[PDB]
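Heads up: the structure comes next, in structure tokens.
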Amino acid sequence: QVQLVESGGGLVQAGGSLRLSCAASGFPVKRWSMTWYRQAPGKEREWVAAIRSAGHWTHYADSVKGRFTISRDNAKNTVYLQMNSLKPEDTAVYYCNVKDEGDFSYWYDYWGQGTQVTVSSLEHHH
Amino acid sequence: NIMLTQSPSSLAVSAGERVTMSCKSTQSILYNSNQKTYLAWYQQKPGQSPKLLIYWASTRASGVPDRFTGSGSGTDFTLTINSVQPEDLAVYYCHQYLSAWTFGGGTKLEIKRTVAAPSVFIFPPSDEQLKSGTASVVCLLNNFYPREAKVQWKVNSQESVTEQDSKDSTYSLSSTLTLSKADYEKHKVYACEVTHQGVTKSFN
Amino acid sequence: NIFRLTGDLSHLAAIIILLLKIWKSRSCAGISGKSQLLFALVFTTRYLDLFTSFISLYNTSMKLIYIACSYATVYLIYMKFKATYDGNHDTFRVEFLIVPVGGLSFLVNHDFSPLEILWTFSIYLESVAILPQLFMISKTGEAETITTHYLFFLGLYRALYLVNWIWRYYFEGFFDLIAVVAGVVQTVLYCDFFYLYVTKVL
Amino acid sequence: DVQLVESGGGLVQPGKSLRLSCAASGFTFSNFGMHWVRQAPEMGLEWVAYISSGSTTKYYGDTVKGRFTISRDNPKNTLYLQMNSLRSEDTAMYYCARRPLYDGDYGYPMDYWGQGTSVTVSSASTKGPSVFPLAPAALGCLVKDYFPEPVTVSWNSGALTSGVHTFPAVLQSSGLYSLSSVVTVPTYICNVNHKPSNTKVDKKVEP
Amino acid sequence: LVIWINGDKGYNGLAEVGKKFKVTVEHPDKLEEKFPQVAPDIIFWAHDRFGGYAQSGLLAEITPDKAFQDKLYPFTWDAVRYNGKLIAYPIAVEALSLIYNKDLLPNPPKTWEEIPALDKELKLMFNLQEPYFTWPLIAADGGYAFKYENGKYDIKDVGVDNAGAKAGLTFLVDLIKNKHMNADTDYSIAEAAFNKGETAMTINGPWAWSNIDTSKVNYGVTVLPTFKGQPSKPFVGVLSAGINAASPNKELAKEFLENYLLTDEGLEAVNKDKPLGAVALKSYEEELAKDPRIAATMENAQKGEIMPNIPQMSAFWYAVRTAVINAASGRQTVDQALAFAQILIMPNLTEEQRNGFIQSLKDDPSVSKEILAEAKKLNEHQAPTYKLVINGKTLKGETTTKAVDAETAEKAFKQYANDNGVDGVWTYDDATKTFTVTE
Ligand SMILES: OC[C@H]1O[C@H](O[C@H]2[C@H](O)[C@@H](O)[C@@H](O)O[C@@H]2CO)[C@H](O)[C@@H](O)[C@@H]1O
């Protein structure tokens with residue numbers, strides 16, 4: 001059994017930056033794939049980024065490509081999502097999903113609890 | 001985007017009563033920089049633009065009567081009126097302006113009072129309308145409360161009720177029955193019987 | 001995730017149907033023993049981690065079922081019922097497949113590690129596994145043991161991975177370019193297999 | 001005082017484009033950000049668009065993004081909302097609202113709103129209203145067979161508003177709108193204005 | 001007076017010049033960075049740093065003289081022209097050039113590609129730490145600091161991501177990995193090695209010549225080798241004299257610069273200490289252009305491009321230095337280093353935004369182009385009919401319709417009037433497009 005913990009979410013101004021991290025606890029698998037999804041209240045769950053266990057393959061949604069960047073840490077068994085130039089349209093609960101990419105492992109499909117990212121479109125006086 | 005839900009959808013309170021209405025947010029709308037909760041309460045009187053009542057979920061906007069108070073934190077907020085006036089009949093919205101701008105569903109506040117007798121008036125179709133080939137006979141219910149009142153047509157009928165007025169707290173209803181030229185010509189008397197909690201009007 | 005489950009169950013059904021037909025008919029004529037050898041080697045190479053770090057009873061059980069069924073098919077073709085087996089018409093050169101596939105697994109893999117190399121080699125060999133059977137039927141013109149159920153289950157298996165790839169790419173944002181390309185090659189080869197069987201055997 | 005008056009609303013076919021304007025006065029329009037917020041009976045208040053004081057920042061709602069564009073002419077003190085590829089769900093009363101200065105510091109939300117303009121989207125063509133008298137005590141005018149249902153009915157050009165009752169328009173079986181305006185009295189003219197059809201009719205009521 | 005100049009220039013000759021004029025000369029390290037934070041009466045430095053100083057107001061706008069302006073070359077004055085005002089007196093024009101050993105080799109290499117073979121046979125080494133020396137190779141194939149169009153530098157366009165910049169940087173790191181130059185060699189190492197003759201050739205400016213003259217090894221000064229069939233484009237330096245804004249002796253220092261330093265005798269006494277290069281004065285430059293090394297410096301300057309005077313040049317220099325050091329030491333790849341340089345140049349980005357974009361570049365270089373595009377977008381965002389008139393007995397009004405034909409228009413109006421219960425005589429004014437019915 002594997003437990004996923006997500007951290008790094010919070011309240012950031014529009015255009016700011018954030019670093020989310022999904023840490024997996026339990027016995028690692030040789031070949032796995034982790035996907036960052038997001039869900040805003042009353043909206044469908046959409047995938048944000050996707051990375052595998054080995055290689056240089058990363059896939060990004062059309063909306064977040066260039067702003068969001070997914071990376072891995074096999075030694076620490078963690079996956080990081082860096083959010084740059086955030087806009088209030090990126091306010092959602094961000095989930096991390098681990099799938100066993102080997103054969104015959106259909107039920108090795110674990111979801112994180114969820115982390116809250118809120119982009120506050122406020123104006124300030126210098 | 002932070003969704004907002006409002007409860008109750010609509011409620012009625014007598015004049016001078018204390019009323020409390022709640023807004024629930026899908027997440028906390030507290031700002032970390034200034035520790036101020038970014039929620040506001042707006043009041044929309046019938047046929048009017050929304051008017052700001054409260055901001056920062058506690059602070060009262062300039063010119064607002066003292067009977068309006070804002071409270072709450074986290075994901076639950078309340079708007080309280082200590083002495084509901086007949087003028088306070090409006091739709092109240094909660095609005096979070098931290099992440100984008102979203103509004104609540106709307107809590108429509110009505111006014112309760114003593115039952116009042118309707119005034120039933122009759123209005124026959126005019127000659128100008130008859131020249132066009134159609135007729136409409138209109139029955140008028142003036143200054144009645146409660147809104148629930150039954151109208152029966154005696155020889156197609158659609159009834160529309162006005163919103164409760166803030167000055168007096170009354171309702172008015174109009175029941176229009178439509179006929180063709182032949183259908184109107186066939187019958188000789190037209191009547192409407194009005195049953196209300198607090199009378200038949202006819203013409204030949 | 002049910003698409004990959006259904007495809008794997010269809011593939012296991014096809015393997016079991018072929019094994020049972022060989023057992024019942026008391027002959028393996030019309031089957032390329034080299035294709036089944038390549039399938040056995042695919043399952044061996046992909047599931048070499050069976051001994052170490054079992055994940056679940058279903059996982060290791062399915063790996064063992066696949067390995068045992070393929071080995072039993074190879075044994076029936078080459079040891080039990082080799083008399084009915086006709087190697088004269090199955091003259092395909094297996095090394096001509098294994099060596100280029102091994103080189104391609106070395107070159108085009110995602111990462112250069114023994115387990116990743118083995119997985120990529122197994123994927124590529126599965127992609128080109130059915131070629132000896134295609135050659136054998138293209139030569140003989142008939143398949144006394146290949147059944148409509150076997151081909152139907154194989155085609156269902158391929159179509160289920162096709163739908164699975166589309167679903168993963170459009171909902172989960174996941175595509176495995178090596179796996180997708182090798183599976184497309186395998187699907188084309190299986191479509192040609194069905195074409196040859198219907199046009200020449202039926 | 002701060003004043004925001006909108007214009008441009010009316011009836012359009014689905015998929016068409018309409019430009020709404022909001023003239024602002026009583027304050028420095030080039031200093032404040034501006035919102036467009038629409039309200040419909042099955043929708044409630046819904047924020048639509050936002051533009052900053054310098055047009056640098058533009059935000060749009062999820063259901064309006066890619067179709068609606070907000071802009072502003074600062075020296076002409078005008079705010080513009082260009083709507084393209086309109087749908088039936090876009091029928092609403094549209095308000096232009098003023099975003100106060102530095103709401104992150106002082107905390108003021110949308111403070112001043114316009115009266116709004118009705119934007120209705122339907123393939124049905126416009127039809128001028130027909131006014132009929134109601135013989136009188138109370139007397140009134142029945143306005144029938146008009147589309148859409150922006151309509152302002154007053155009495156004696158707003159001379160008397162005590163005891164006057166106007167009723168909400170209801171869907172008629174013919175696809176048109178109809179309402180009656182009545183008033184209790186001890187010569188009265190009912191004046192009806194239908195903006196989409198530019199129909200201003202001044203009618204007398206007699207027994 | 002208090003004077004700051006770089007350590008590799010002729011501070012002793014300046015000392016005698018000030019002695020004849022008390023004048024104090026000092027050569028602090030990192031003075032190009034010390035001067036802004038500290039604030040010296042007059043500072044001697046290349047013009048690229050000076051414009052930014054003028055933005056801070058640290059350089060006092062000095063009124064020139066028309067005859068004195070004509071005493072110097074016009075392009076040198078153009079170098080110290082920022083926003084239409086002269087902030088400095090040009091002193092010397094310096095450009096990088098190849099200095100080789102005649103004993104080690106008779107003919108210098110005509111291209112960069114020939115260098116690996118000659119170096120492995122000997123088994124070139126210049127200062128790779130500063131981006132000034134490594135920029136000619138980068139810019140040989142079109143890499144540019146800022147796009148120069150119609151007399152202006154477009155800060156929005158930075159060319160350090162060009163294919164030519166990548167080609168130059170990867171050529172340099174290939175030479176580093178092939179053990180042809182030490183990754184951590186600097187100016188002192190280059191001078192020491194070339195003085196002893198260990199290195200056949202090195203890239204350097206006029207100032208080092210006297211040092212080489214002390215080594216008494218015969219040296220030839222010539223064109224920088226061409227990279228992929230295109231000439232190297234070294235930035236051209238205009239060593240110039242800037243006045244401190246807070247200098248209590250501004251007039252005295254200005255008079256000293258005009259009447260002792262920028263004269264034939266003073267510049268002759270300065271060039272003797274360390275070669276100034278192409279001298280600003282017309283007379284001394286004419287007397288000095290006969291030397292082949294000055295000719296080589298001038299032709300290299302013609303092949304190169306003068307540095308912009310814009311204040312975005314310090315950030316550009318820091319970013320390019322970081323990228324070159326990273327690529328040379330092997331800590332980062334060439335493309336990643338150049339993307340970092342682009343991120344670091346972008347002025348309007350917040351520090352945390354810049355750190356986030358740098359991290360995004362670190363942990364995924366497959367989408368570096370998209371990250372750069374998004375960062376540039378954020379950086380630019382943060383930049384500072386017919387008519388009817390009815391007149392009945394009971395109702396009167398007006399109504400407009402959309403009609404193409406007047407016959408159908410009045411048919412529709414007649415039907416509408418019947419629906420309105422109107423019966424009266426009809427009139428039509430086509431000019432006003434009005435149908436009027438009245439009872
Ligand atoms: O970092 C590169 C450097 O280039 C220039 O500095 C040159 C200067 O022009 C020469 O006279 C001599 O001092 O070598 C310097 C390089 O160390 C720019 O003037 C300077 O801003 C920049 O940092």
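Each chain in the structure tokens gets a letter, A, B, ..., in the order shown, and its residues are numbered from 1; ligands are numbered from 1 in order too.
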
Q | Expected selection as a ChimeraX atom specification for ligand 1 within 9 Å, only C-alpha atoms and all ligand atoms | A | /E:5-9,30,32-33,45-50,94-95,129-133,135,187,204-205,207,235-239,307,313-314,317-318,320-321

Near chain B, meaning an atom within 10 Å, which residues of chain E appear when counting only C-alpha atoms? Write them as a PDB file with C-alpha atoms, in the first residue's frame.
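Okay, iface05.pdb is ready:
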ATOM      1  CA  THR E 394     -56.915  57.649 -27.883  1.00  0.00           C
ATOM      2  CA  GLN E 415     -51.373  45.715 -39.901  1.00  0.00           C
ATOM      3  CA  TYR E 416     -49.716  47.095 -36.755  1.00  0.00           C
ATOM      4  CA  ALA E 417     -52.209  49.973 -36.591  1.00  0.00           C
ATOM      5  CA  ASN E 418     -55.078  47.498 -36.897  1.00  0.00           C
ATOM      6  CA  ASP E 419     -53.471  45.503 -34.085  1.00  0.00           C
ATOM      7  CA  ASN E 420     -53.303  48.816 -32.196  1.00  0.00           C
ATOM      8  CA  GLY E 421     -56.922  49.643 -33.063  1.00  0.00           C
ATOM      9  CA  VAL E 422     -56.076  52.604 -35.318  1.00  0.00           C
ATOM     10  CA  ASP E 423     -58.193  53.672 -38.304  1.00  0.00           C
TER      11      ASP E 423
END

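All chain B residues having an atom within 8 Å of chain A, based on only C-alpha atoms, amount to residues 1, 2, 3, 26, 31, 32, 98, 99 and 100 of chain B.
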
Please save N, CA, C and O atoms of the selected residues as a PDB file, in the first residue's frame.
ATOM      1  N   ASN B   1     -11.280  31.423  -8.909  1.00  0.00           N
ATOM      2  CA  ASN B   1     -12.708  31.162  -8.762  1.00  0.00           C
ATOM      3  C   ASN B   1     -13.010  30.416  -7.465  1.00  0.00           C
ATOM      4  O   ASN B   1     -12.495  29.324  -7.225  1.00  0.00           O
ATOM      5  N   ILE B   2     -13.843  31.019  -6.622  1.00  0.00           N
ATOM      6  CA  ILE B   2     -14.257  30.420  -5.360  1.00  0.00           C
ATOM      7  C   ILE B   2     -15.777  30.431  -5.319  1.00  0.00           C
ATOM      8  O   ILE B   2     -16.391  31.504  -5.256  1.00  0.00           O
ATOM      9  N   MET B   3     -16.382  29.249  -5.368  1.00  0.00           N
ATOM     10  CA  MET B   3     -17.834  29.153  -5.397  1.00  0.00           C
ATOM     11  C   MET B   3     -18.433  29.582  -4.063  1.00  0.00           C
ATOM     12  O   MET B   3     -17.818  29.439  -3.003  1.00  0.00           O
ATOM     13  N   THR B  26     -16.396  27.410  -0.800  1.00  0.00           N
ATOM     14  CA  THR B  26     -15.723  26.130  -0.976  1.00  0.00           C
ATOM     15  C   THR B  26     -14.327  26.117  -0.368  1.00  0.00           C
ATOM     16  O   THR B  26     -13.759  25.037  -0.178  1.00  0.00           O
ATOM     17  N   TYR B  31      -7.067  36.605   3.402  1.00  0.00           N
ATOM     18  CA  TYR B  31      -5.840  37.099   2.799  1.00  0.00           C
ATOM     19  C   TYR B  31      -4.721  37.050   3.830  1.00  0.00           C
ATOM     20  O   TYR B  31      -4.902  37.483   4.973  1.00  0.00           O
ATOM     21  N   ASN B  32      -3.568  36.516   3.428  1.00  0.00           N
ATOM     22  CA  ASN B  32      -2.466  36.349   4.368  1.00  0.00           C
ATOM     23  C   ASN B  32      -1.769  37.669   4.673  1.00  0.00           C
ATOM     24  O   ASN B  32      -1.247  37.848   5.778  1.00  0.00           O
ATOM     25  N   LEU B  98     -11.358  37.843  -3.605  1.00  0.00           N
ATOM     26  CA  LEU B  98      -9.961  37.491  -3.383  1.00  0.00           C
ATOM     27  C   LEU B  98      -9.349  36.867  -4.634  1.00  0.00           C
ATOM     28  O   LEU B  98      -8.393  37.402  -5.199  1.00  0.00           O
ATOM     29  N   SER B  99      -9.905  35.747  -5.082  1.00  0.00           N
ATOM     30  CA  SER B  99      -9.479  35.075  -6.303  1.00  0.00           C
ATOM     31  C   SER B  99     -10.597  35.231  -7.323  1.00  0.00           C
ATOM     32  O   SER B  99     -11.643  34.585  -7.203  1.00  0.00           O
ATOM     33  N   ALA B 100     -10.377  36.096  -8.314  1.00  0.00           N
ATOM     34  CA  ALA B 100     -11.412  36.481  -9.268  1.00  0.00           C
ATOM     35  C   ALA B 100     -12.610  37.054  -8.525  1.00  0.00           C
ATOM     36  O   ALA B 100     -12.473  37.529  -7.394  1.00  0.00           O
TER      37      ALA B 100
END

Q: May I have the residues within 12 Å of region 281-283 of chain E as a ChimeraX atom specification, using only C-alpha atoms and disregarding those fewer than 3 positions away in the same chain?
A: /E:68-77,89-93,258,261-268,276-278,286-289

Residue subset to file, keeping N, CA and C atoms, as a PDB file, in the first residue's frame:
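Writing the result to out.pdb gives the following:
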ATOM      1  N   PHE E  68      37.008  71.634 -29.162  1.00  0.00           N
ATOM      2  CA  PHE E  68      37.496  70.471 -28.431  1.00  0.00           C
ATOM      3  C   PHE E  68      36.791  69.197 -28.875  1.00  0.00           C
ATOM      4  N   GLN E  69      35.504  69.286 -29.218  1.00  0.00           N
ATOM      5  CA  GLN E  69      34.814  68.131 -29.783  1.00  0.00           C
ATOM      6  C   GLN E  69      35.436  67.724 -31.111  1.00  0.00           C
ATOM      7  N   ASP E  70      35.789  68.703 -31.946  1.00  0.00           N
ATOM      8  CA  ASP E  70      36.456  68.402 -33.206  1.00  0.00           C
ATOM      9  C   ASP E  70      37.892  67.936 -33.004  1.00  0.00           C
ATOM     10  N   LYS E  71      38.462  68.139 -31.812  1.00  0.00           N
ATOM     11  CA  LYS E  71      39.801  67.626 -31.539  1.00  0.00           C
ATOM     12  C   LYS E  71      39.831  66.106 -31.423  1.00  0.00           C
ATOM     13  N   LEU E  72      38.680  65.460 -31.259  1.00  0.00           N
ATOM     14  CA  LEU E  72      38.604  64.016 -31.103  1.00  0.00           C
ATOM     15  C   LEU E  72      37.758  63.405 -32.213  1.00  0.00           C
ATOM     16  N   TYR E  73      37.881  62.089 -32.358  1.00  0.00           N
ATOM     17  CA  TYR E  73      37.117  61.373 -33.367  1.00  0.00           C
ATOM     18  C   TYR E  73      35.622  61.453 -33.057  1.00  0.00           C
ATOM     19  N   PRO E  74      34.775  61.626 -34.076  1.00  0.00           N
ATOM     20  CA  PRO E  74      33.332  61.757 -33.815  1.00  0.00           C
ATOM     21  C   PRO E  74      32.684  60.503 -33.251  1.00  0.00           C
ATOM     22  N   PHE E  75      33.134  59.311 -33.650  1.00  0.00           N
ATOM     23  CA  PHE E  75      32.490  58.096 -33.159  1.00  0.00           C
ATOM     24  C   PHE E  75      32.792  57.859 -31.685  1.00  0.00           C
ATOM     25  N   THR E  76      33.965  58.286 -31.216  1.00  0.00           N
ATOM     26  CA  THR E  76      34.250  58.213 -29.788  1.00  0.00           C
ATOM     27  C   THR E  76      33.283  59.082 -28.994  1.00  0.00           C
ATOM     28  N   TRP E  77      32.991  60.286 -29.494  1.00  0.00           N
ATOM     29  CA  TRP E  77      31.971  61.119 -28.864  1.00  0.00           C
ATOM     30  C   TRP E  77      30.606  60.450 -28.929  1.00  0.00           C
ATOM     31  N   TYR E  89      34.570  62.030 -21.298  1.00  0.00           N
ATOM     32  CA  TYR E  89      35.596  62.285 -22.302  1.00  0.00           C
ATOM     33  C   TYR E  89      36.165  60.959 -22.782  1.00  0.00           C
ATOM     34  N   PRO E  90      35.979  60.585 -24.045  1.00  0.00           N
ATOM     35  CA  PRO E  90      36.691  59.416 -24.570  1.00  0.00           C
ATOM     36  C   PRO E  90      38.195  59.629 -24.501  1.00  0.00           C
ATOM     37  N   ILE E  91      38.920  58.549 -24.218  1.00  0.00           N
ATOM     38  CA  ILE E  91      40.371  58.620 -24.098  1.00  0.00           C
ATOM     39  C   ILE E  91      41.011  57.684 -25.112  1.00  0.00           C
ATOM     40  N   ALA E  92      40.556  56.436 -25.144  1.00  0.00           N
ATOM     41  CA  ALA E  92      41.174  55.443 -26.011  1.00  0.00           C
ATOM     42  C   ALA E  92      40.118  54.521 -26.597  1.00  0.00           C
ATOM     43  N   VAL E  93      40.437  53.942 -27.750  1.00  0.00           N
ATOM     44  CA  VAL E  93      39.606  52.927 -28.389  1.00  0.00           C
ATOM     45  C   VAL E  93      40.388  51.622 -28.375  1.00  0.00           C
ATOM     46  N   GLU E 258      40.726  68.145 -19.888  1.00  0.00           N
ATOM     47  CA  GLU E 258      40.800  68.807 -21.187  1.00  0.00           C
ATOM     48  C   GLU E 258      42.222  69.247 -21.527  1.00  0.00           C
ATOM     49  N   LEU E 261      45.459  65.866 -19.684  1.00  0.00           N
ATOM     50  CA  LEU E 261      45.391  64.464 -20.089  1.00  0.00           C
ATOM     51  C   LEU E 261      45.163  64.324 -21.588  1.00  0.00           C
ATOM     52  N   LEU E 262      44.090  64.921 -22.103  1.00  0.00           N
ATOM     53  CA  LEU E 262      43.739  64.745 -23.506  1.00  0.00           C
ATOM     54  C   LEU E 262      44.549  65.679 -24.393  1.00  0.00           C
ATOM     55  N   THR E 263      45.871  65.645 -24.240  1.00  0.00           N
ATOM     56  CA  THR E 263      46.800  66.374 -25.087  1.00  0.00           C
ATOM     57  C   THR E 263      47.828  65.392 -25.630  1.00  0.00           C
ATOM     58  N   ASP E 264      48.621  65.856 -26.598  1.00  0.00           N
ATOM     59  CA  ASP E 264      49.607  64.980 -27.223  1.00  0.00           C
ATOM     60  C   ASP E 264      50.626  64.483 -26.205  1.00  0.00           C
ATOM     61  N   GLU E 265      51.133  65.386 -25.362  1.00  0.00           N
ATOM     62  CA  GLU E 265      52.155  65.004 -24.393  1.00  0.00           C
ATOM     63  C   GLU E 265      51.597  64.053 -23.340  1.00  0.00           C
ATOM     64  N   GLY E 266      50.415  64.361 -22.802  1.00  0.00           N
ATOM     65  CA  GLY E 266      49.837  63.505 -21.778  1.00  0.00           C
ATOM     66  C   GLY E 266      49.495  62.121 -22.292  1.00  0.00           C
ATOM     67  N   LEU E 267      48.854  62.048 -23.459  1.00  0.00           N
ATOM     68  CA  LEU E 267      48.511  60.748 -24.024  1.00  0.00           C
ATOM     69  C   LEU E 267      49.752  59.979 -24.457  1.00  0.00           C
ATOM     70  N   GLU E 268      50.799  60.681 -24.904  1.00  0.00           N
ATOM     71  CA  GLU E 268      52.060  60.010 -25.196  1.00  0.00           C
ATOM     72  C   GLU E 268      52.688  59.433 -23.934  1.00  0.00           C
ATOM     73  N   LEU E 276      47.511  52.410 -24.896  1.00  0.00           N
ATOM     74  CA  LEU E 276      46.108  52.797 -24.865  1.00  0.00           C
ATOM     75  C   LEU E 276      45.333  52.246 -26.052  1.00  0.00           C
ATOM     76  N   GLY E 277      46.010  51.943 -27.155  1.00  0.00           N
ATOM     77  CA  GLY E 277      45.335  51.476 -28.348  1.00  0.00           C
ATOM     78  C   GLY E 277      45.057  52.609 -29.311  1.00  0.00           C
ATOM     79  N   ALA E 278      43.897  52.575 -29.960  1.00  0.00           N
ATOM     80  CA  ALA E 278      43.495  53.670 -30.832  1.00  0.00           C
ATOM     81  C   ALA E 278      43.156  54.894 -29.989  1.00  0.00           C
ATOM     82  N   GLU E 286      46.936  59.733 -35.489  1.00  0.00           N
ATOM     83  CA  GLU E 286      47.612  59.772 -36.783  1.00  0.00           C
ATOM     84  C   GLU E 286      49.090  59.436 -36.634  1.00  0.00           C
ATOM     85  N   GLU E 287      49.733  59.960 -35.588  1.00  0.00           N
ATOM     86  CA  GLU E 287      51.133  59.636 -35.333  1.00  0.00           C
ATOM     87  C   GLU E 287      51.333  58.180 -34.928  1.00  0.00           C
ATOM     88  N   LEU E 288      50.276  57.499 -34.482  1.00  0.00           N
ATOM     89  CA  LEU E 288      50.386  56.155 -33.933  1.00  0.00           C
ATOM     90  C   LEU E 288      49.807  55.071 -34.829  1.00  0.00           C
ATOM     91  N   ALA E 289      48.958  55.426 -35.798  1.00  0.00           N
ATOM     92  CA  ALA E 289      48.355  54.422 -36.668  1.00  0.00           C
ATOM     93  C   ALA E 289      49.388  53.682 -37.509  1.00  0.00           C
TER      94      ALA E 289
END

Q.
So, with only C-alpha atoms as the atoms that count, which of C:109, C:146, C:4, C:192 lies closest to residue 20 (chain C)?
A.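 For residue 20 (chain C), the nearest of the given residues is C:146.
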
Q | Distance query region 43-60 of chain C at most 10 Å, only C-alpha atoms, self and fewer than 2 positions along chain excluded, as a VMD selection string | A | (chain A and resid 1 27 29 to 30 102 to 108) or (chain C and resid 37 to 41 62 to 68 70 to 71 115 to 123 125 to 126)
